[PDB]
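**Student:** Handing you this structure, nothing more for now.
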Amino acid sequence: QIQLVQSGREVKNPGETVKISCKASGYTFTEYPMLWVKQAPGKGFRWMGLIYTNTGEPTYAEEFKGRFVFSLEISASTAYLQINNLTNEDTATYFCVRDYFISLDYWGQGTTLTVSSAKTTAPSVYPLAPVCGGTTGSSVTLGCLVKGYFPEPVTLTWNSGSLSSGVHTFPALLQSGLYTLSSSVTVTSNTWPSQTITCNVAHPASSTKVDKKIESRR
Amino acid sequence: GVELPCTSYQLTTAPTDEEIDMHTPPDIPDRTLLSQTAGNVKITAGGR
């Protein structure tokens with residue numbers, strides 16, 4: 001099946017490169033079209049080109065091909081589009097397509113990255129249990145956040161899959177050159193406070209990702 | 001000044017002294033009927 005599996009989100013270094021890896025498999029790396037995609041902050045999925053993959057070429061576009069330059073070893077569907085030669089006016093979303101009948105026949109996942117070469121740190125996991133007052137509802141509502149990881153994208157990884165049920169994250173707040181975002185960890189009334197409701201935040205420049213349970217507050 | 005004897009290169013209905021030939025019939029590169037597809041290529045009628 002058409003799995004143009006892109007990379008995740010990004011805080012892309014100005015002057016550097018960032019290789020959003022399009023593992024474009026099941027759809028075309030090794031036989032079919034890998035449709036290289038720049039991604040607009042307004043513009044949407046813009047042309048970085050495309051390539052029917054029976055021979056093995058990627059093709060470039062006018063606005064996304066260029067600073068974003070992509071390579072392709074299509075045998076595993078392997079390829080990587082580098083949003084590269086970074087500027088503050090270079091960041092956007094990114095994507096691919098898995099083609100058939102030269103418009104695309106399957107759609108690949110992509111990854112959104114904002115061009116910013118700034119402070120580079122790993123995320124802080126800000127955990128939290130519910131209120132000490134109240135808890136007159138169905139369950140316990142708490143949080144796990146990606147806070148204090150400058151810059152983003154700071155992920156929400158939650159409790160080894162236990163705080164991946166109910167743990168709905170929001171984006172990282174981009175302020176002051178730092179990411180601080182929260183996620184509602186919902187622990188059930190059967191689950192919490194007998195168990196937790198816990199999320200965590202992730203960052204590569206410190207190489208950390210803190211997962212915190214929604215603990216007993218008292 | 002003269003009527004010099006020479007070659008009159010033939011301008012009549014010369015049907016069969018010359019033979020325009022073709023052996024190893026047509027061989028050259030021209031593939032302009034290509035169409036767009038990914039893996040099952042969506043080509044049309046056209047080109048050559």
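Starting from 1 in every chain, residues are counted up; chains themselves are A, B, ... following the order of the structure tokens, and ligands are numbered from 1 as listed.
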Taking only C-alpha atoms into account, produce a table as CSV in which each residue of chain A with an atom at most 9 Å from an atom of chain B appears once, together with its shortest atom pair and the distance in Å to one decimal, ordered by chain and rising number.

**Tutor:**
residue,atom,partner,partner_atom,distance
A:27,CA,B:39,CA,8.5
A:28,CA,B:38,CA,7.1
A:31,CA,B:39,CA,5.9
A:32,CA,B:39,CA,4.2
A:33,CA,B:38,CA,4.3
A:34,CA,B:38,CA,8.0
A:51,CA,B:38,CA,7.7
A:52,CA,B:38,CA,4.9
A:53,CA,B:38,CA,7.1
A:54,CA,B:39,CA,7.4
A:98,CA,B:38,CA,7.3
A:99,CA,B:38,CA,4.4
A:100,CA,B:38,CA,3.9
A:101,CA,B:37,CA,3.8
A:102,CA,B:37,CA,3.8
A:103,CA,B:37,CA,7.2
A:104,CA,B:38,CA,7.5
A:105,CA,B:38,CA,7.9

**Student:** Near residue 207 in chain A, within 12 Å and counting only C-alpha atoms, which residues show up once chain neighbours fewer than 6 positions away are dropped, as a PyMOL selection string?

**Tutor:** chain A and resi 120-124+149+154-155+201

**Student:** Output C-alpha atoms of each residue in that selection to a file, as a JSON list (two decimals), in the first residue's frame.

**Tutor:**
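Here's the written file selection02.json:
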[["chain", "number", "residue", "atom", "x", "y", "z"],
["A", 120, "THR", "CA", 19.02, 23.36, 20.61],
["A", 121, "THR", "CA", 17.96, 21.35, 23.67],
["A", 122, "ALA", "CA", 16.03, 18.24, 24.60],
["A", 123, "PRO", "CA", 12.43, 18.37, 25.84],
["A", 124, "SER", "CA", 11.21, 18.57, 29.42],
["A", 149, "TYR", "CA", 12.77, 22.05, 25.20],
["A", 154, "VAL", "CA", 9.03, 18.36, 21.13],
["A", 155, "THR", "CA", 7.04, 15.13, 20.98],
["A", 201, "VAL", "CA", 7.87, 15.54, 25.78]]

**Student:** When you look at residue 93 in chain A with a cut-off of 10 Å (counting only C-alpha atoms), what residues show up, excluding the ones that are within fewer than 3 positions of it in the same chain? I need them as an MDAnalysis selection string.

**Tutor:** chainID A and resid 8:10 37:46 83 110:114

**Student:** Emit the selected residues as an mmCIF file, in the first residue's frame, including N, CA and C atoms.

**Tutor:**
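In the end it all went to part_2.cif:
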data_model
loop_
_atom_site.group_PDB
_atom_site.id
_atom_site.type_symbol
_atom_site.label_atom_id
_atom_site.label_comp_id
_atom_site.auth_asym_id
_atom_site.auth_seq_id
_atom_site.Cartn_x
_atom_site.Cartn_y
_atom_site.Cartn_z
ATOM 1 N N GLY A 8 9.133 13.273 10.674
ATOM 2 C CA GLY A 8 8.240 14.010 11.542
ATOM 3 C C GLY A 8 8.356 15.513 11.368
ATOM 4 N N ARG A 9 8.039 16.233 12.450
ATOM 5 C CA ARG A 9 8.118 17.689 12.463
ATOM 6 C C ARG A 9 9.573 18.125 12.552
ATOM 7 N N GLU A 10 9.814 19.424 12.438
ATOM 8 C CA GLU A 10 11.186 19.899 12.359
ATOM 9 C C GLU A 10 11.336 21.340 12.827
ATOM 10 N N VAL A 37 7.648 16.639 -2.539
ATOM 11 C CA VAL A 37 6.706 17.671 -2.149
ATOM 12 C C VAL A 37 7.342 18.592 -1.125
ATOM 13 N N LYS A 38 7.466 19.859 -1.501
ATOM 14 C CA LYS A 38 7.604 20.958 -0.561
ATOM 15 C C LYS A 38 6.213 21.220 0.002
ATOM 16 N N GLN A 39 6.140 21.951 1.108
ATOM 17 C CA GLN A 39 4.885 22.134 1.826
ATOM 18 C C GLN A 39 4.786 23.593 2.240
ATOM 19 N N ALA A 40 3.711 24.236 1.865
ATOM 20 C CA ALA A 40 3.644 25.662 2.129
ATOM 21 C C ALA A 40 3.200 25.921 3.563
ATOM 22 N N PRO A 41 3.697 26.995 4.194
ATOM 23 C CA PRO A 41 3.087 27.482 5.440
ATOM 24 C C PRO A 41 1.711 28.079 5.182
ATOM 25 N N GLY A 42 1.503 28.584 3.970
ATOM 26 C CA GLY A 42 0.168 28.781 3.441
ATOM 27 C C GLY A 42 -0.103 27.938 2.210
ATOM 28 N N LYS A 43 0.955 27.699 1.430
ATOM 29 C CA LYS A 43 0.868 27.219 0.054
ATOM 30 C C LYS A 43 0.417 25.776 -0.099
ATOM 31 N N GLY A 44 0.462 24.995 0.980
ATOM 32 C CA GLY A 44 0.127 23.583 0.906
ATOM 33 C C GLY A 44 1.231 22.802 0.219
ATOM 34 N N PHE A 45 0.891 21.583 -0.205
ATOM 35 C CA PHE A 45 1.849 20.635 -0.770
ATOM 36 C C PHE A 45 2.315 21.086 -2.150
ATOM 37 N N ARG A 46 3.476 21.739 -2.178
ATOM 38 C CA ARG A 46 3.967 22.428 -3.363
ATOM 39 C C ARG A 46 5.000 21.558 -4.055
ATOM 40 N N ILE A 83 15.258 19.717 3.186
ATOM 41 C CA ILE A 83 14.999 21.142 3.303
ATOM 42 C C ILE A 83 16.315 21.737 3.780
ATOM 43 N N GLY A 110 4.324 12.853 4.998
ATOM 44 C CA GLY A 110 4.908 14.176 5.107
ATOM 45 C C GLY A 110 5.362 14.510 6.521
ATOM 46 N N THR A 111 5.896 15.721 6.682
ATOM 47 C CA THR A 111 6.311 16.232 7.986
ATOM 48 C C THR A 111 6.486 17.742 7.894
ATOM 49 N N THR A 112 6.029 18.467 8.915
ATOM 50 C CA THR A 112 6.065 19.928 8.923
ATOM 51 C C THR A 112 7.256 20.423 9.735
ATOM 52 N N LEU A 113 8.059 21.315 9.147
ATOM 53 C CA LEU A 113 9.266 21.822 9.785
ATOM 54 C C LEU A 113 9.446 23.320 9.562
ATOM 55 N N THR A 114 9.640 24.047 10.657
ATOM 56 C CA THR A 114 9.782 25.504 10.646
ATOM 57 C C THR A 114 11.266 25.853 10.697
#

**Student:** Extract, using only C-alpha atoms, all DNA, RNA and protein residues at most 7 Å from residue 33 in chain B, discarding same-chain residues fewer than 5 positions from it, and format them as a list in words.

**Tutor:**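 The residues satisfying every condition are residues 46, 47 and 48 of chain B.
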
**Student:** Please, what distance in Å, to one decimal, runs between CA of residue 138 in chain A and CA of residue 200 in chain A?

**Tutor:**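 Interatomic distance, CA of residue 138 in chain A to CA of residue 200 in chain A: 23.2 Å.
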
**Student:** In Å, how far is it from CA of residue 108 in chain A to CA of residue 49 in chain A?

**Tutor:** 14.2 Å

**Student:** What is the distance between CA of residue 11 in chain A and CA of residue 167 in chain A, in Å to one decimal?

**Tutor:** 23.6 Å

**Student:** If you count only C-alpha atoms, which residues fall within 8 Å of residue 3 in chain A, apart from same-chain ones fewer than 4 positions away, as a PyMOL selection string?

**Tutor:** chain A and resi 23-27+98+106-109

**Student:** From a backbone DSSP assignment, name each residue in range 154-202 of chain A labelled helix (DSSP H, G or I), as a list in words.

**Tutor:**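 Taking range 154-202 of chain A and keeping helix (DSSP H, G or I) gives residues 159, 160, 161, 162, 163 and 164 of chain A.
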
**Student:** Generate a file of the selected residues that holds N, CA and C atoms, formatted as a CSV table (one decimal), in the first residue's frame.

**Tutor:**
chain,number,residue,atom,x,y,z
A,159,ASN,N,4.2,7.0,28.6
A,159,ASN,CA,4.0,6.0,29.6
A,159,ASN,C,4.1,4.6,29.1
A,160,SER,N,4.8,4.4,28.0
A,160,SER,CA,5.0,3.1,27.3
A,160,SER,C,3.7,2.5,26.7
A,161,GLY,N,2.9,3.4,26.2
A,161,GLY,CA,1.6,3.0,25.7
A,161,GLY,C,0.4,3.1,26.7
A,162,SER,N,0.7,3.3,28.0
A,162,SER,CA,-0.4,3.4,29.0
A,162,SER,C,-1.0,4.8,28.9
A,163,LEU,N,-0.2,5.8,28.7
A,163,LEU,CA,-0.6,7.2,28.5
A,163,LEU,C,-0.5,7.5,27.0
A,164,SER,N,-0.9,6.6,26.2
A,164,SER,CA,-1.2,6.8,24.8
A,164,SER,C,-2.7,6.5,24.5
